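Only one structure is covered here, and it is reproduced in the block below.
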Number of protein chains: 4
Amino acid sequence: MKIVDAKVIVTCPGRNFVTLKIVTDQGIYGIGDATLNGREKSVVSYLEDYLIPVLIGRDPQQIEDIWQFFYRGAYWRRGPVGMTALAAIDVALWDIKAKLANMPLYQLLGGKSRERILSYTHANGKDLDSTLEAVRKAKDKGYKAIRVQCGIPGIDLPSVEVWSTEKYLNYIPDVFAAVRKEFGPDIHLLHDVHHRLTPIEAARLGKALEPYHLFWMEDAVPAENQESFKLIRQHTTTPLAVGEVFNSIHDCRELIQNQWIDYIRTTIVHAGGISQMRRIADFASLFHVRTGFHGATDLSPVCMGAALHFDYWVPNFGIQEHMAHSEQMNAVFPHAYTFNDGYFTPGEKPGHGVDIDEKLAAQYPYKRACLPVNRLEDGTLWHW
Amino acid sequence: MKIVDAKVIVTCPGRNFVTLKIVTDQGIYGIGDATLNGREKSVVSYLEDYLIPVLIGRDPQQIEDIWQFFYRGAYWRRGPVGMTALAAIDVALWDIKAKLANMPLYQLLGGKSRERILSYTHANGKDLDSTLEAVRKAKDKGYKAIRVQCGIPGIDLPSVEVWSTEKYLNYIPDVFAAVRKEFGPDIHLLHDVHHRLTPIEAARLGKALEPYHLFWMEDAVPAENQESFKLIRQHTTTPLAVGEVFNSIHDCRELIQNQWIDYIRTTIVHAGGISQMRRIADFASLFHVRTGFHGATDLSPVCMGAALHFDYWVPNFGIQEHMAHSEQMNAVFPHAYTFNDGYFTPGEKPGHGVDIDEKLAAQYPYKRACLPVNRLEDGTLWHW
Amino acid sequence: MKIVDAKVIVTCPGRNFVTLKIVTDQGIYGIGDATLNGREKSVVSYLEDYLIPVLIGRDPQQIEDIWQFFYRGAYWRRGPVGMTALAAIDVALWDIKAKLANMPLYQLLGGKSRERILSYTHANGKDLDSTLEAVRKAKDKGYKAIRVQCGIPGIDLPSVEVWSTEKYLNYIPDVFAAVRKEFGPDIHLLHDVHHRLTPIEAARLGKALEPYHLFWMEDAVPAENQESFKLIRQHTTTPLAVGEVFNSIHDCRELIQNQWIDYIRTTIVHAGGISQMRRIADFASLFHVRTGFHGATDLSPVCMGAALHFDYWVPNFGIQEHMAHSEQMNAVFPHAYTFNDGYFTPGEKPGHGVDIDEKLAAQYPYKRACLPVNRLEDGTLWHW
Amino acid sequence: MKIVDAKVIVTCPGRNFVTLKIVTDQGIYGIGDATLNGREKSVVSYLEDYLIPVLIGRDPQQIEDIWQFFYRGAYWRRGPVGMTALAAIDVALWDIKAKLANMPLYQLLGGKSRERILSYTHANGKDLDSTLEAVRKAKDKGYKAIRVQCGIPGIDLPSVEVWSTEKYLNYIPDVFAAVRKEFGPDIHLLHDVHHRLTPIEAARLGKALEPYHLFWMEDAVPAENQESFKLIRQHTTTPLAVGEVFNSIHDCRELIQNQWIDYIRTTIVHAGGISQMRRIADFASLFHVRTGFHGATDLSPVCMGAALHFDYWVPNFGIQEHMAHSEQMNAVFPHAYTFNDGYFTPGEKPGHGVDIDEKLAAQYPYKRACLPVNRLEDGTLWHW
Ligand SMILES: [Cl-]
Ligand SMILES: [Cl-]
Ligand SMILES: [Mg+2]
Ligand SMILES: [Mg+2]
Ligand SMILES: [Mg+2]
Ligand SMILES: [Mg+2]
């Protein structure tokens with residue numbers, strides 16, 4: 001068996017998505033997500049100008065050899081751009097392998113471990129009354145788990161947000177108190193701190209949120225120095241999640257082996273595909289850590305299909321984020337996965353069950369969109 | 001899909017082997033090794049009286065769910081008997097899954113990572129001259145790696161050996177000096193200490209063996225207290241291997257994460273099958289540890305086939321032990337794996353490529369054989 | 001002195017019990033429990049097919065030599081099946097040694113350290129009102145210590161239970177609040193978490209239970225990774241117990257030496273007998289850990305007699321679990337130990353004071369019964 | 001002051017170089033290296049499609065604010081592609097700031113700390129005789145420090161090398177013995193292991209090289225798991241260097257703070273520019289670590305000029321690698337730095353003293369060239 005062609009498709013049906021398609025000499029093809037929000041074209045070049053020319057002629061069944069060849073062979077290791085490119089290749093090859101086996105991908109990984117996959121959605125409001133309404137709307141859509149974000153009183157190219165830590169820490173516990181009073185204890189509640197605190201501030205916030213029994217408090221502090229979480233863990237029993245921005249097991253080995261976190265959020269598209277995320281999830285399982293894949297709209301339906309197959313098998317599954325794609329996004333990527341009453345199943349189609357409609361994708365050209373930056377009230381460039 | 005039957009076959013074509021066969025409602029079947037040397041019938045009962053009745057009617061594609069069901073569901077966790085029974089089930093189910101995919105098993109794991117699999121053999125002699133001759137005979141059979149064991153001057157139910165640590169430590173370095181003088185530096189040399197030393201004795205021996213640059217020094221001290229290896233590692237750069245007797249990742253997590261060993265020897269048949277050994281090997285890979293599967297004759301050809309498929313894929317492969325089965329053993333277990341000039345390939349037959357000839361197996365009834373014990377010169381019951 | 005015979009008796013007077021009887025050439029005999037709930041026949045084979053043939057002709061007075069011979073000589077070390085078989089031998093030999101000395105067993109261990117042995121019983125209800133009634137019934141039977149378990153609102157082969165961690169954590173503290181309000185502070189209250197939490201969940205629960213001053217919170221998290229308890233210990237002063245499922249000191253050395261637990265629950269029948277439990281209890285004593293032997297109905301009266309003799313001597317005794325055997329069970333195993341007003345004494349008969357009525361045991365053939373498994377609400381196979 | 005334009009120039013005068021030029025509204029401009037060997041065009045896109053559009057209109061004097069804006073604002077942090085793009089911006093802005101100050105760049109950093117900057121060159125041979133000749137040729141060019149690499153007996157798209165660790169470890173100490181015998185003890189000798197060993201192999205090699213007193217042994221093991229170096233450091237006093245492949249302080253914080261290495265090799269072009277390398281070098285200085293910047297031909301003369309200015313100031317300077325550019329490369333990048341008798345000075349021109357001749361650069365179009373991969377003798381994809 002040989003790879004005869006590989007191509008990168010770029011489309012913007014509401015937001016930018018980048019997709020790799022690998023075609024074999026037997027006409028079976030596979031696809032993988034390569035989208036890196038706000039830096040998309042750097043991955044397109046990494047693939048087109050460097051990795052795709054090496055793929056041609058190789059045996060697509062050698063998933064591990066090709067993963068190692070690109071991971072080690074880049075010489076400069078890890079990193080968002082190269083690991084997203086490698087993820088796209090790895091997912092497309094697992095898609096091919098499952099189609100050659102005539103099995104849905106979850107069967108190749110070890111089969112199903114559960115009948116349904118818990119998800120969570122968003123509830124965002126500019127103030128408390130609107131936040132409470134957004135939680136009602138999320139519950140009415142059948143979600144059993146809801147991430148709550150609320151505006152704080154007094155608070156093509158990157159937008160610039162302004163931030164006050166002190167105002168946020170003083171107000172946000174009152175939001176969770178009000179949500180618990182209105183909606184009761186059974187609903188799972190999540191909160192994303194979005195990198196804005198120092199560890200002793202995160203320790204304070206985790207303690208203040210303990211009475212509300214959150215499913216997790218996410219991304220509390222920037223995590224390049226993984227020891228940052230030791231101080232948080234010493235002060236609170238609010239569960240901790242981190243890692244949507246990671247691209248390697250080396251970004252989280254210490255967080256996990258020291259039991260400093262409860263959920264690892266690192267994704268298939270951003271951390272080298274199914275081959276690497278199997279290793280992260282298995283390492284996590286030794287230390288009570290569960291998967292909580294990031295699932296914002298900037299991960300394409302191809303990533304979602306691969307993630308749901310992974311979620312259906314992995315023993316230490318925690319939850320799957322679901323920020324829904326629009327109708328126009330979904331039409332470009334026909335898929336077998338489905339949602340019902342707060343939960344997903346991956347679908348029984350062979351492969352990860354996702355395809356790309358190339359004719360439709362071609363109707364929507366790339367349009368640049370970058371992520372915001374965040375400044376403190378004095379103008380300091382902070383963490384967004 | 002359903003399991004319709006499962007049975008345990010016991011045969012003694014020169015030594016005892018126990019094999020599980022699982023049969024599906026589509027007539028595809030899979031087999032797994034269940035042999036536990038010197039306690040064989042305890043596994044037969046564990047399977048026949050407890051696990052097989054639960055398997056019937058289950059979907060064999062759910063490998064992970066069934067692994068967890070038995071691993072956790074036994075309540076009393078881990079252990080040689082239960083983990084060998086679970087290994088037999090797990091291997092038979094991966095054999096079925098690969099046959100359903102119409103692929104050799106290594107393809108399901110991620111594909112081949114190498115063209116050939118390095119093995120090692122034995123060279124044993126009662127004295128130095130005979131040891132040197134045994135090394136020549138091993139080299140003439142095409143082996144590139146040879147385990148050297150030599151008798152020490154002055155040294156149905158279990159045989160009782162006698163042991164002197166001091167005589168062994170004084171003599172064994174001279175054996176490796178003589179082997180290097182006769183055979184040169186290119187041949188890989190291994191030594192199995194077989195549990196007989198304390199850590200400071202193993203540190204001394206490792207230092208004394210450094211000039212001879214061994215591939216490994218194996219099982220230097222009993223390893224129930226994994227911190228025993230820290231003191232060895234602080235004193236020698238001879239590479240260290242351990243773990244043929246282990247049955248769980250929990251027997252070696254600290255040895256590996258602290259970089260106290262170089263090779264993990266734990267096997268598919270004795271540690272819960274391919275599902276658990278994938279997790280051990282991947283954990284090992286984060287810490288520079290390589291696989292060195294045990295491969296004595298008491299692991300059946302079914303274990304060897306599964307091991308060779310695993311070895312063909314796993315990135316951090318080190319070596320495969322090969323103590324050859326006899327012609328009568330091989331005839332009971334037709335297999336696709338082959339040996340050439342010191343190396344193996346697993347074969348391209350779907351599954352792990354091994355089968356059992358039930359009619360032939362029935363010609364050789366069980367015959368008890370137990371492992372020796374070892375006593376010190378004063379009669380103390382020691383480690384064999 | 002020589003062992004002339006040894007036999008395994010299997011009986012099901014309401015539930016399965018396995019018993020070893022060793023007979024000496026002077027006609028003195030000893031018995032030991034060999035019951036391993038839900039895997040019973042695997043121990044029968046381990047004994048009959050491997051260990052008993054080695055016992056014959058040996059001097060029964062050599063308890064330590066025989067313990068080492070089997071512990072080390074199995075080659076594959078530790079584990080539920082082999083350690084239960086070895087426990088049966090070790091207890092039967094201590095029973096013989098005490099009969100040869102013409103002493104109750106506790107005298108051989110070092111004599112009595114207390115006049116009475118505190119026990120605890122069960123109080124289980126499907127809801128809070130019924131739980132409160134079960135606590136009244138337990139108190140009326142004279143118990144001074146009561147384990148409380150309550151159903152949670154909204155929650156031959158293994159039964160399958162369903163589990164929600166979040167519902168349990170939200171409700172269970174209210175059960176202990178109600179029990180304290182009704183029964184006051186003097187009664188000792190225990191709770192068994194039964195392996196269902198992660199460490200930060202157990203930390204949360206321990207904190208929530210602090211106002212109710214439990215004697216212990218038991219088996220909070222699966223303990224194969226012993227470092228799991230470090231995080232619990234950093235967050236709560238509720239006392240911690242673990243270890244009914246352990247079979248070796250190596251399962252708990254780190255829990256004890258780091259002062260991560262308060263009570264070790266590992267038993268004579270499941271962890272290699274009196275010889276090994278003397279070593280566990282003495283190690284525990286250096287680190288303030290007290291014995292809290294498991295004492296569910298699946299440990300036979302032979303185990304109970306040995307445990308009570310051990311409990312009467314050991315300095316760092318904490319408590320003895322007592323889930324009562326039925327009248328039919330007790331009739332098969334005449335014994336000297338007695339209960340009075342919440343406490344036991346072991347009895348003054350030589351040996352451990354327990355015997356087996358072989359004629360009566362023969363009236364009740366083995367009947368398979370396995371332990372349940374537990375699944376999460378999505379179907380994930382969890383810890384029961 | 002404002003940035004009015006910024007552009008990326010790509011040229012291949014013998015090998016590919018990528019250069020950023022930032023132009024201010026006062027006509028002062030600055031340049032920075034953006035070359036990432038073997039992935040060059042991914043950086044071109046990162047700059048052109050994402051970062052340059054944000055630069056336009058910003059005040060170039062705000063070097064720190066712009067560094068933080070891009071480092072944090074990318075959201076996905078660190079990594080070879082983004083950190084090389086950010087390095088190009090940071091160096092071009094320091095070039096502008098020094099030109100506005102009318103000072104050579106080293107004056108802005110704190111002034112000169114030394115009169116001359118020690119460098120090292122290459123001596124490579126296919127065998128020992130040729131290696132010895134290459135060392136003579138290097139000495140005759142005035143170098144006082146020489147990296148020695150020798151072939152080992154029996155050993156557009158990526159070339160595939162083959163590797164044997166055992167043959168290398170057996171032979172390489174003899175090469176250093178011969179070099180010391182011929183050239184004496186005063187010459188500084190370096191060796192690059194190039195990622196090929198495990199830590200205990202590197203410990204062995206470091207010990208074997210101790211009699212030859214190397215300046216350093218470099219890149220002994222892949223360093224994603226920084227604790228890998230602890231075991232090397234416990235066994236040898238050969239000095240250790242690592243880090244040409246790093247892009248962040250987070251790749252080396254533990255190596256440095258634990259005193260596991262002697263020289264940090266991370267470069268201005270690959271790790272976020274002068275702003276980040278000032279922080280790495282200062283952190284290193286607290287722990288006795290000295291700078292040893294990588295200086296292979298794939299770092300352009302723009303990187304060399306910035307590095308030499310940095311080297312002239314930094315207190316804890318160790319050495320500068322110098323693998324010489326060709327005449328055609330040098331003509332595209334006129335520069336003030338000069339070499340004399342083994343040492344450099346950075347030159348007294350304002351800025352880093354390097355410029356790009358755009359007309360000449362335009363004569364040499366991009367031509368793809370990728371780095372080799374390395375396979376073991378069995379075909380395993382290894383570290384190159
Ligand atoms: Cl990158
Ligand atoms: Cl066992
Ligand atoms: Mg987030
Ligand atoms: Mg061995
Ligand atoms: Mg319990
Ligand atoms: Mg180098």
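Numbers restart at 1 for each chain; the letters A, B, ... are given by sequence-line order, proteins then strands. Counting convention: from 1, in listed order, for ligands and their atoms alike. Just the heavy atoms: all of them, side chains too, but no hydrogens, waters or symmetry mates, feed the values below.
Residue side and main chain included, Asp192(C) places an N/O/S atom under 2.8 Å of the Mg ion (ligand 5). Distance check for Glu244(B) against the Mg ion (ligand 4): an N/O/S atom falls below 2.8 Å.
The minimum distance between the Mg ion (ligand 5) and any N, O or S atom of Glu218(C) involves atom OE2.
A side-chain donor from one of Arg77(A) and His383(D) sits under 3.5 Å from a side-chain acceptor of the other.
When each of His294(D), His195(D), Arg265(D), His191(D) is checked for a side chain to side chain donor-acceptor pair (under 3.5 Å) with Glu218(D), only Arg265(D) meets the rule.
The aromatic ring centroids of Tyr263(B) and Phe215(B) lie less than 6.0 Å from each other.
Ring planes of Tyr75(C) and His194(B): parallel class, angle under 30° (limits at 30 and 60°).
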